[PDB]
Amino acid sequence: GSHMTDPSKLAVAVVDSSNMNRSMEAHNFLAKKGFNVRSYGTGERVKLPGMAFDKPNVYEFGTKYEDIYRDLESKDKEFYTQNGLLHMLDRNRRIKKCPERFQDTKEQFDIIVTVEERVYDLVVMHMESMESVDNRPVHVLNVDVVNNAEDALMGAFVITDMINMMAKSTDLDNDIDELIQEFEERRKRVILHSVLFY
């Protein structure tokens, strides 16, 4: 075909805090490798760094990446170019309209990857708060990704290797525990795992 194809047709989500850096790097990579992927953040608001630590640029979820881009450009185009935010926002715009909050989505997934335990917990808490009415299993997996541009890309590679492995399973529910441990031993990373239900 014209594109790579996931034989398991997994529906995947990747989740971070602001749906800006880590989840979007993973979104882009996963999509290019042919996966059905969506991305979200778990924070109350979208938060990008500013010119001072105590002066973040904060927006509501739903604010178009394009508008955040314009906002920072007029603030100080050169500063937000050198620190990488304008490129990040540009990459994001090409993927989708705006940052989305996981707790507000109605989409369902076979696998949800989170990029730090705080996000993992919010995702799991949110899933548990919902009365399951289908008994459709979903696997939440946490893979720690350090929050900067370089490590976000590295995380995208690692997360993609993990999803690729699980996609090759013909019965994920009965294989996944063993596959997670194999991945942990080979890649020397801890994966947090929960099985929840829609």
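Note that residue numbering follows the sequence shown and begins at 1. Think of the rigid core as the biggest set of C-alphas that the two forms share within 1.5 Å after superposition.
Once the rigid core is lined up, would you tell me whether 104-112 or 123-131 has the higher RMS CA deviation in 4 other deposited structures of this protein? Between 104-112 and 123-131, greater C-alpha deviation in 4 other deposited structures of this protein belongs to 123-131.
Core-fitted comparison in 4 other deposited structures of this protein, 172-180 vs 7-15, farther C-alphas: Stretch with the higher C-alpha RMS distance in 4 other deposited structures of this protein: 7-15.
When the other structures of this protein are compared, and only where the residues around it are present, is residue 159 absent from a third or more of them? That residue is present in all of the other compared entries.
Is residue 145 one of the residues left unmodelled in a third or more of the other entries compared? In all of the other entries, residue 145 has coordinates.
Higher-scoring stretch by recorded Cα B factor average, 68-76 or 109-117: Going by the record's values, the stretch with the higher mean is 68-76.
On average, which has the higher Cα B-factor in the deposited entry, 126-134 or 37-45? For C-alpha atoms only, the mean B-factor is higher in 126-134.
Residue with highest C-alpha B-factor in the PDB entry, from 163, 146, 52, 156: By C-alpha B-factor in the record, 52 ranks first.
Could you tell me which third, lowest, middle or highest, the C-alpha B-factor of residue 30 occupies within its chain? Ranked within chain, residue 30 CA B lands in the lowest tercile.
Place residue 172 in the lowest, middle or highest third of its chain's C-alpha B-factors, as listed in the PDB entry. Its C-alpha B-factor, which the entry lists for residue 172, ranks in the middle third among residues of this chain.
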